[PDB]
$ cat run_6.cif   # mmCIF, C-alpha atoms and all ligand atoms
data_coords
#
loop_
_atom_site.label_atom_id
_atom_site.label_comp_id
_atom_site.auth_asym_id
_atom_site.auth_seq_id
_atom_site.Cartn_x
_atom_site.Cartn_y
_atom_site.Cartn_z
CA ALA A 11 0.00 0.00 0.00
CA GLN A 12 1.43 3.36 -0.97
CA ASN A 13 1.85 6.13 1.65
CA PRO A 14 0.79 3.93 4.58
CA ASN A 15 1.59 6.62 7.20
CA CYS A 16 -0.86 8.99 5.37
CA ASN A 17 1.64 11.79 4.95
CA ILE A 18 0.77 14.90 2.96
CA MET A 19 2.50 14.54 -0.44
CA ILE A 20 3.82 17.38 -2.55
CA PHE A 21 3.85 17.06 -6.39
CA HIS A 22 5.83 18.94 -9.00
CA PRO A 23 4.21 18.13 -12.38
CA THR A 24 5.99 19.05 -15.55
CA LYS A 25 4.14 21.24 -18.12
CA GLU A 26 3.48 18.07 -20.03
CA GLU A 27 2.02 16.33 -17.02
CA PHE A 28 -0.15 19.46 -16.34
CA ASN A 29 -2.25 18.94 -19.42
CA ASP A 30 -4.58 16.23 -18.34
CA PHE A 31 -6.16 17.07 -14.96
CA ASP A 32 -7.97 13.76 -14.41
CA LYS A 33 -4.97 11.74 -15.32
CA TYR A 34 -2.77 13.67 -12.83
CA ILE A 35 -5.26 13.17 -10.00
CA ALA A 36 -5.31 9.47 -10.74
CA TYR A 37 -1.49 9.47 -10.76
CA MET A 38 -1.33 11.16 -7.37
CA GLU A 39 -3.71 8.57 -5.98
CA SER A 40 -1.57 5.74 -7.49
CA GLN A 41 1.20 7.13 -5.24
CA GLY A 42 -1.07 7.09 -2.14
CA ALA A 43 -1.70 10.83 -1.98
CA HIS A 44 -5.34 10.48 -0.98
CA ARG A 45 -4.48 8.61 2.16
CA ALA A 46 -3.44 11.91 3.77
CA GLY A 47 -6.71 13.69 2.89
CA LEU A 48 -4.75 16.62 1.38
CA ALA A 49 -1.97 17.07 -1.25
CA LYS A 50 -0.01 20.05 -2.51
CA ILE A 51 0.62 20.60 -6.24
CA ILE A 52 3.28 23.09 -7.30
CA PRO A 53 2.49 24.13 -10.90
CA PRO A 54 5.25 23.97 -13.57
CA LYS A 55 7.37 27.06 -13.67
CA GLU A 56 6.05 27.98 -17.16
CA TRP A 57 2.39 28.11 -15.97
CA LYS A 58 0.47 31.10 -14.74
CA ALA A 59 -3.12 31.58 -13.63
CA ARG A 60 -3.37 35.04 -15.16
CA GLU A 61 -0.99 37.82 -16.18
CA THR A 62 -1.35 40.13 -13.23
CA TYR A 63 -3.59 40.77 -10.21
CA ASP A 64 -3.41 44.54 -10.79
CA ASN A 65 -7.01 45.05 -11.46
CA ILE A 66 -8.99 43.05 -8.72
CA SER A 67 -9.78 45.78 -6.26
CA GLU A 68 -13.20 46.39 -7.70
CA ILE A 69 -14.56 42.87 -6.96
CA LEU A 70 -17.32 43.24 -4.39
CA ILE A 71 -17.52 41.29 -1.20
CA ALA A 72 -21.32 41.64 -0.78
CA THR A 73 -21.47 39.95 2.64
CA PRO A 74 -18.17 40.03 4.57
CA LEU A 75 -18.32 37.73 7.62
CA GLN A 76 -16.94 38.69 11.07
CA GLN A 77 -15.83 35.47 12.68
CA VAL A 78 -16.67 35.72 16.37
CA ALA A 79 -15.27 32.94 18.59
CA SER A 80 -16.63 31.34 21.80
CA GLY A 81 -14.94 28.78 23.95
CA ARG A 82 -11.32 28.15 24.95
CA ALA A 83 -8.20 28.71 22.89
CA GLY A 84 -7.91 25.17 21.69
CA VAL A 85 -11.63 24.22 21.49
CA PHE A 86 -13.96 26.89 20.16
CA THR A 87 -16.75 27.66 17.81
CA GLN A 88 -17.14 30.57 15.49
CA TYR A 89 -20.24 32.40 14.37
CA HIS A 90 -20.37 34.47 11.28
CA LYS A 91 -21.79 37.95 11.75
CA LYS A 92 -22.77 39.60 8.47
CA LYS A 93 -21.20 42.98 7.75
CA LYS A 94 -21.85 45.67 5.20
CA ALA A 95 -20.54 45.22 1.64
CA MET A 96 -17.10 46.29 0.74
CA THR A 97 -14.78 46.10 -2.30
CA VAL A 98 -11.65 43.96 -2.32
CA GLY A 99 -9.64 47.26 -2.24
CA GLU A 100 -11.48 48.30 0.89
CA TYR A 101 -11.03 44.81 2.42
CA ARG A 102 -7.33 44.76 1.68
CA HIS A 103 -6.91 48.14 3.40
CA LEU A 104 -8.81 46.78 6.42
CA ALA A 105 -6.67 43.60 6.52
CA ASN A 106 -3.53 45.80 6.53
CA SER A 107 -4.81 48.10 9.33
CA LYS A 108 -3.22 48.07 12.73
CA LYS A 109 -6.31 46.35 14.23
CA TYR A 110 -6.25 43.40 11.75
CA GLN A 111 -2.72 43.02 10.37
CA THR A 112 -0.42 40.06 10.89
CA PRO A 113 1.78 40.60 13.99
CA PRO A 114 5.52 40.54 13.96
CA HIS A 115 6.75 36.97 14.02
CA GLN A 116 9.87 34.87 13.36
CA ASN A 117 8.61 32.23 10.93
CA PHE A 118 5.47 30.17 10.13
CA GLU A 119 5.81 28.12 13.36
CA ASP A 120 5.86 31.19 15.56
CA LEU A 121 2.86 32.57 13.71
CA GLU A 122 1.01 29.25 14.17
CA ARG A 123 1.74 29.43 17.93
CA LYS A 124 0.37 32.96 18.03
CA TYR A 125 -2.76 31.90 16.08
CA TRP A 126 -3.67 29.15 18.49
CA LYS A 127 -2.84 31.23 21.56
CA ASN A 128 -4.74 34.30 20.52
CA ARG A 129 -7.33 33.56 17.84
CA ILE A 130 -10.31 33.58 20.17
CA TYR A 131 -9.60 37.11 21.35
CA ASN A 132 -10.13 38.65 17.94
CA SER A 133 -12.86 38.66 15.27
CA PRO A 134 -11.26 38.76 11.78
CA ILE A 135 -13.42 39.47 8.74
CA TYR A 136 -13.54 36.80 5.96
CA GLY A 137 -14.81 37.41 2.38
CA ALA A 138 -15.85 33.85 1.76
CA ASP A 139 -17.84 32.00 -0.71
CA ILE A 140 -18.00 34.61 -3.54
CA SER A 141 -19.06 33.06 -6.86
CA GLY A 142 -16.43 33.89 -9.50
CA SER A 143 -13.00 33.14 -10.95
CA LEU A 144 -9.63 34.85 -11.30
CA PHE A 145 -8.25 32.39 -13.90
CA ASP A 146 -7.68 33.97 -17.33
CA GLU A 147 -9.90 32.34 -19.90
CA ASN A 148 -6.79 31.61 -21.91
CA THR A 149 -5.27 29.53 -19.12
CA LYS A 150 -5.94 26.07 -20.36
CA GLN A 151 -4.27 23.90 -17.66
CA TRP A 152 -5.78 23.58 -14.17
CA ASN A 153 -8.21 26.40 -14.76
CA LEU A 154 -10.71 25.90 -11.93
CA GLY A 155 -13.49 27.50 -14.03
CA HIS A 156 -12.99 24.87 -16.86
CA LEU A 157 -13.06 21.63 -14.99
CA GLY A 158 -15.36 18.66 -15.94
CA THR A 159 -18.54 19.02 -13.83
CA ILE A 160 -19.68 16.70 -11.03
CA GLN A 161 -22.96 16.23 -12.90
CA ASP A 162 -21.07 15.06 -15.95
CA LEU A 163 -18.95 12.68 -13.80
CA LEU A 164 -22.12 11.20 -12.28
CA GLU A 165 -23.56 10.79 -15.81
CA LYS A 166 -20.42 9.14 -17.21
CA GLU A 167 -20.11 6.72 -14.29
CA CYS A 168 -23.78 5.97 -13.52
CA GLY A 169 -25.78 6.92 -16.63
CA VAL A 170 -28.09 9.32 -14.91
CA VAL A 171 -28.64 12.87 -16.09
CA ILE A 172 -29.33 15.43 -13.45
CA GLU A 173 -29.82 19.19 -13.09
CA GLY A 174 -27.20 21.42 -11.45
CA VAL A 175 -24.11 23.32 -12.10
CA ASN A 176 -20.55 23.41 -10.57
CA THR A 177 -18.79 26.83 -10.38
CA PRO A 178 -15.79 28.18 -8.44
CA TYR A 179 -15.73 30.40 -5.42
CA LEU A 180 -13.35 33.13 -4.28
CA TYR A 181 -12.12 33.59 -0.69
CA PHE A 182 -10.55 36.82 0.50
CA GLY A 183 -8.75 36.29 3.86
CA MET A 184 -6.88 38.26 6.51
CA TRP A 185 -4.83 37.34 9.52
CA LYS A 186 -6.66 34.81 11.73
CA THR A 187 -9.51 34.17 9.28
CA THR A 188 -10.42 30.58 9.92
CA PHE A 189 -11.96 27.60 8.17
CA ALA A 190 -13.54 25.20 10.62
CA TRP A 191 -13.21 21.40 10.64
CA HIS A 192 -15.18 19.91 7.76
CA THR A 193 -15.35 17.56 4.83
CA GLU A 194 -16.80 18.76 1.54
CA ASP A 195 -20.47 18.59 0.65
CA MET A 196 -21.29 15.02 -0.25
CA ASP A 197 -17.63 14.17 0.74
CA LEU A 198 -16.47 15.53 -2.65
CA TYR A 199 -12.93 16.48 -3.52
CA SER A 200 -11.93 20.12 -3.40
CA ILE A 201 -9.17 21.97 -5.22
CA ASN A 202 -7.93 25.29 -3.93
CA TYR A 203 -5.54 27.70 -5.66
CA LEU A 204 -3.92 30.51 -3.64
CA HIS A 205 -3.88 33.34 -6.18
CA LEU A 206 -2.02 35.95 -4.18
CA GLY A 207 -0.99 37.22 -0.86
CA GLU A 208 -0.04 35.65 2.41
CA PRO A 209 -0.05 31.92 3.19
CA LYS A 210 -2.81 29.55 4.39
CA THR A 211 -2.02 26.84 6.97
CA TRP A 212 -3.99 23.60 6.69
CA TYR A 213 -4.66 20.74 9.11
CA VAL A 214 -6.05 17.44 7.85
CA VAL A 215 -7.19 14.03 9.19
CA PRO A 216 -6.63 10.98 6.96
CA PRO A 217 -9.96 9.75 5.52
CA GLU A 218 -9.45 6.33 7.07
CA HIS A 219 -9.46 8.03 10.47
CA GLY A 220 -12.19 10.55 10.00
CA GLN A 221 -14.53 8.85 12.47
CA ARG A 222 -11.93 9.37 15.24
CA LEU A 223 -12.21 13.12 14.68
CA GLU A 224 -16.00 12.85 14.70
CA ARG A 225 -16.00 11.01 18.02
CA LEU A 226 -13.74 13.59 19.59
CA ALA A 227 -15.91 16.38 18.21
CA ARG A 228 -19.00 14.82 19.79
CA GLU A 229 -17.18 14.73 23.15
CA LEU A 230 -15.95 18.33 22.84
CA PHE A 231 -19.13 19.90 21.52
CA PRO A 232 -21.73 17.74 23.29
CA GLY A 233 -24.84 20.02 22.91
CA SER A 234 -24.08 20.51 19.19
CA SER A 235 -23.82 16.73 18.84
CA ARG A 236 -27.26 16.20 20.47
CA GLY A 237 -28.73 18.79 18.12
CA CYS A 238 -27.48 17.26 14.85
CA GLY A 239 -26.06 13.92 13.89
CA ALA A 240 -23.62 15.62 11.46
CA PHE A 241 -22.93 18.93 13.13
CA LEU A 242 -19.47 19.31 11.58
CA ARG A 243 -21.46 20.09 8.39
CA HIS A 244 -22.24 23.43 10.06
CA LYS A 245 -18.61 24.40 9.63
CA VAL A 246 -18.24 26.17 13.00
CA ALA A 247 -16.03 23.98 15.21
CA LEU A 248 -12.32 24.37 15.80
CA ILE A 249 -9.96 22.02 17.64
CA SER A 250 -6.25 22.84 17.91
CA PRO A 251 -3.34 20.60 17.02
CA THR A 252 -2.42 20.42 20.68
CA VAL A 253 -5.86 19.10 21.58
CA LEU A 254 -5.83 16.66 18.68
CA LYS A 255 -2.41 15.33 19.90
CA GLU A 256 -3.67 15.04 23.51
CA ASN A 257 -6.55 12.92 22.25
CA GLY A 258 -4.51 10.72 19.91
CA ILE A 259 -6.19 11.93 16.68
CA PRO A 260 -4.01 11.31 13.64
CA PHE A 261 -3.47 14.51 11.59
CA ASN A 262 -0.99 16.41 9.49
CA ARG A 263 -0.32 20.06 8.74
CA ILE A 264 1.10 22.03 5.86
CA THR A 265 1.33 25.66 4.75
CA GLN A 266 0.18 26.65 1.23
CA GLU A 267 1.84 29.68 -0.39
CA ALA A 268 0.71 31.89 -3.24
CA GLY A 269 0.96 30.10 -6.56
CA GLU A 270 0.26 26.67 -5.14
CA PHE A 271 -2.72 24.27 -5.39
CA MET A 272 -4.10 22.08 -2.64
CA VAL A 273 -6.41 19.12 -3.26
CA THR A 274 -8.61 17.71 -0.51
CA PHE A 275 -9.75 14.14 -0.98
CA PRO A 276 -13.13 12.53 -0.20
CA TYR A 277 -13.82 12.41 3.49
CA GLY A 278 -10.57 14.26 4.40
CA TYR A 279 -11.48 16.50 7.31
CA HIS A 280 -9.62 19.79 7.14
CA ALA A 281 -9.37 23.15 8.96
CA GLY A 282 -6.97 26.07 8.86
CA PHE A 283 -6.21 29.76 8.92
CA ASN A 284 -4.83 32.61 6.83
CA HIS A 285 -1.59 34.39 7.67
CA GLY A 286 -2.57 37.78 6.25
CA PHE A 287 -4.38 39.33 3.30
CA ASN A 288 -4.89 36.73 0.56
CA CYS A 289 -7.14 35.52 -2.16
CA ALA A 290 -7.94 31.84 -2.92
CA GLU A 291 -10.21 30.18 -5.47
CA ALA A 292 -11.71 26.75 -4.84
CA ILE A 293 -14.21 24.35 -6.37
CA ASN A 294 -15.52 20.86 -5.68
CA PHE A 295 -14.91 18.03 -8.13
CA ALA A 296 -15.45 14.30 -8.45
CA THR A 297 -13.69 11.23 -9.86
CA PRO A 298 -14.95 7.66 -10.19
CA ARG A 299 -13.50 6.84 -6.79
CA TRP A 300 -15.68 9.53 -5.14
CA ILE A 301 -18.99 7.83 -5.98
CA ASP A 302 -18.90 5.45 -3.07
CA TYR A 303 -18.01 8.25 -0.67
CA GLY A 304 -20.90 10.27 -1.97
CA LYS A 305 -23.27 7.32 -1.26
CA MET A 306 -22.05 7.14 2.35
CA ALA A 307 -21.72 10.86 3.17
CA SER A 308 -23.39 12.12 6.31
CA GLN A 309 -25.92 14.71 6.17
CA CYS A 310 -27.15 17.59 8.32
CA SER A 311 -31.01 17.32 8.51
CA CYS A 312 -31.32 19.80 11.57
CA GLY A 313 -31.49 22.40 8.95
CA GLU A 314 -28.49 24.48 9.90
CA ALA A 315 -26.06 23.49 7.08
CA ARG A 316 -28.33 24.75 4.27
CA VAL A 317 -26.44 24.05 1.03
CA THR A 318 -26.53 24.50 -2.78
CA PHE A 319 -29.06 23.80 -5.41
CA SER A 320 -26.90 21.10 -6.99
CA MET A 321 -26.59 19.06 -3.77
CA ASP A 322 -30.31 18.14 -4.10
CA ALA A 323 -29.73 15.90 -7.04
CA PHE A 324 -26.70 14.28 -5.48
CA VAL A 325 -28.73 13.29 -2.44
CA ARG A 326 -31.71 12.26 -4.54
CA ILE A 327 -29.71 9.86 -6.71
CA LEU A 328 -27.00 8.64 -4.35
CA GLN A 329 -28.99 8.62 -1.10
CA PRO A 330 -32.68 8.11 -2.03
CA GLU A 331 -33.62 6.82 1.45
CA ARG A 332 -32.31 10.03 3.12
CA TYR A 333 -33.86 12.22 0.42
CA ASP A 334 -37.24 13.07 2.09
CA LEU A 335 -35.71 13.82 5.59
CA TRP A 336 -32.70 15.80 4.19
CA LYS A 337 -35.12 17.94 2.11
CA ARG A 338 -37.32 18.57 5.21
CA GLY A 339 -34.12 20.16 6.64
CA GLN A 340 -33.49 22.15 3.45
CA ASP A 341 -37.13 23.47 3.18
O1 LIG B 1 -9.81 28.47 1.84
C1 LIG B 1 -10.76 28.34 2.67
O2 LIG B 1 -11.22 29.24 3.50
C2 LIG B 1 -11.57 27.10 2.80
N1 LIG B 1 -11.30 26.19 1.67
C3 LIG B 1 -11.61 24.91 1.73
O3 LIG B 1 -12.18 24.34 2.73
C4 LIG B 1 -11.35 24.06 0.52
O4 LIG B 1 -10.71 24.51 -0.46
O5 LIG B 1 -11.83 22.90 0.58
MG MG B 2 -11.70 44.90 -10.12
NI NI B 3 -13.01 22.53 2.29
ZN ZN B 4 -27.27 20.14 11.41
#
$ encode --input "run_6.cif" --output "structure tokens" --more "lines below"
Ligand SMILES: O=C(O)CNC(=O)C(=O)O
Ligand SMILES: [Mg+2]
Ligand code: NI
Ligand SMILES: [Zn+2]
Amino acid sequence: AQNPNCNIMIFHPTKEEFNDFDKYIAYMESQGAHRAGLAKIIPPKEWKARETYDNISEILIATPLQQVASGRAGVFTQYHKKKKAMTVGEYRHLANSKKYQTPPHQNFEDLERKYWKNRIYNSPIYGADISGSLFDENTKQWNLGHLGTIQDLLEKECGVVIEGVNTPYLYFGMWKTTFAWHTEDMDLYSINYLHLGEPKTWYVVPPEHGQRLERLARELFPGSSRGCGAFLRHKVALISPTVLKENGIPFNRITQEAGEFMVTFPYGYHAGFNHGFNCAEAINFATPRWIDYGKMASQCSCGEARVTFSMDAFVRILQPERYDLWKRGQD
């Protein structure tokens, strides 16, 4: 078995190898990459996502989210308070202000220490989940707006034709902006490109050990667990590496820098934080190997997780027993 310790693997495809996206994902999996739940892909040196970022300040962040924490430094939840609209130029100036900017630090490790010590005492503002793309239309390789759709994968593998579309999302971050522990909708893959700015640190649990994280989460967030049988789908709970280590949960960490892709694999729980002002683009995708994960994915039916139009069909075809109850939650 390849990569039996479930380490995060880093790939350096050539420009030739960067032509066929599906084929490269399958290659990475042949090397055991998926066992970690997360992989890094450094694009060939000849590739670029677009020519410059010089003209992005006029993108609107219609609903910036203030991420307010509750709990203790290593075990907390976050709620998202909606703020007034602002442009990316306005958001970048806010990220760079004295109130919100990255503190002085020695290296990524010192910054990580500061994040886990001090995150709860601040409420950074995250411009998350903005439909759109920063890839130039002429970028033909690993253009996250030109990928094969999940609906088309489901049709190729299973013969069934369904409604729905699959488009990318932009994320504008600042120091301490946080993504809570989660797997993707329907335990899909994700791919995330860091277009510009400061790094993003990731934590990940191997898919084969995801239920150990779930059991710890039920213990640490016991009222949330009684409220919903899949409350991690709410995307609000944080658990630090120190707490994970104290509880014997297998995990890994890695820092993504501008110009790099990350892939999350089906049922790979992940969480993380931004080091400073940045912009990422991410989208869900599927392969043939995902289908069985999609059939087994948990679902939030308490009604809190409230997700996309296209998830309806996935549930309806892959999980027809749950259909009914899951749609009572979503309506
Ligand atoms: O970048 C972020 O805030 C969150 N991204 C992801 O969870 C992802 O790409 O799967
Ligand atoms: Mg603009
Ligand atoms: Ni994710
Ligand atoms: Zn729920």
$ residues_near_ligand --input "run_6.cif" --ligand "ligand NI 3 (chain B)" --cutoff "7 Å" --atoms "only C-alpha atoms and all ligand atoms" --output "list in words"
residues 192, 193, 194, 200 and 280 of chain A
$ atom_distance --input "run_6.cif" --atom1 "atom CA of residue 209 of chain A" --atom2 "atom CA of residue 266 of chain A"
5.6 Å
$ closest_residue --input "run_6.cif" --among "A:66, A:170, A:157, A:121" --to "ligand MG 2 (chain B)" --atoms "only C-alpha atoms and all ligand atoms"
A:66
$ atom_distance --input "run_6.cif" --atom1 "atom CA of residue 229 of chain A" --atom2 "atom CA of residue 244 of chain A"
16.5 Å
$ residues_near_ligand --input "run_6.cif" --ligand "ligand LIG 1 (chain B)" --cutoff "10 Å" --atoms "only C-alpha atoms and all ligand atoms" --output "number ranges by chain"
A: 48, 136-139, 179-183, 187-195, 198-204, 210-212, 245, 271-275, 278-284, 288-294
$ closest_atom_pairs --input "run_6.cif" --of "chain A" --to "ligand ZN 4 (chain B)" --cutoff "9 Å" --atoms "only C-alpha atoms and all ligand atoms" --output "JSON lines"
{"residue": "A:234", "atom": "CA", "partner": "B:ZN4", "partner_atom": "ZN", "distance": 8.4}
{"residue": "A:235", "atom": "CA", "partner": "B:ZN4", "partner_atom": "ZN", "distance": 8.9}
{"residue": "A:237", "atom": "CA", "partner": "B:ZN4", "partner_atom": "ZN", "distance": 7.0}
{"residue": "A:238", "atom": "CA", "partner": "B:ZN4", "partner_atom": "ZN", "distance": 4.5}
{"residue": "A:239", "atom": "CA", "partner": "B:ZN4", "partner_atom": "ZN", "distance": 6.8}
{"residue": "A:240", "atom": "CA", "partner": "B:ZN4", "partner_atom": "ZN", "distance": 5.8}
{"residue": "A:241", "atom": "CA", "partner": "B:ZN4", "partner_atom": "ZN", "distance": 4.8}
{"residue": "A:242", "atom": "CA", "partner": "B:ZN4", "partner_atom": "ZN", "distance": 7.8}
{"residue": "A:243", "atom": "CA", "partner": "B:ZN4", "partner_atom": "ZN", "distance": 6.5}
{"residue": "A:244", "atom": "CA", "partner": "B:ZN4", "partner_atom": "ZN", "distance": 6.2}
{"residue": "A:309", "atom": "CA", "partner": "B:ZN4", "partner_atom": "ZN", "distance": 7.7}
{"residue": "A:310", "atom": "CA", "partner": "B:ZN4", "partner_atom": "ZN", "distance": 4.0}
{"residue": "A:311", "atom": "CA", "partner": "B:ZN4", "partner_atom": "ZN", "distance": 5.5}
{"residue": "A:312", "atom": "CA", "partner": "B:ZN4", "partner_atom": "ZN", "distance": 4.1}
{"residue": "A:313", "atom": "CA", "partner": "B:ZN4", "partner_atom": "ZN", "distance": 5.4}
{"residue": "A:314", "atom": "CA", "partner": "B:ZN4", "partner_atom": "ZN", "distance": 4.8}
{"residue": "A:315", "atom": "CA", "partner": "B:ZN4", "partner_atom": "ZN", "distance": 5.6}
{"residue": "A:316", "atom": "CA", "partner": "B:ZN4", "partner_atom": "ZN", "distance": 8.6}
{"residue": "A:339", "atom": "CA", "partner": "B:ZN4", "partner_atom": "ZN", "distance": 8.3}
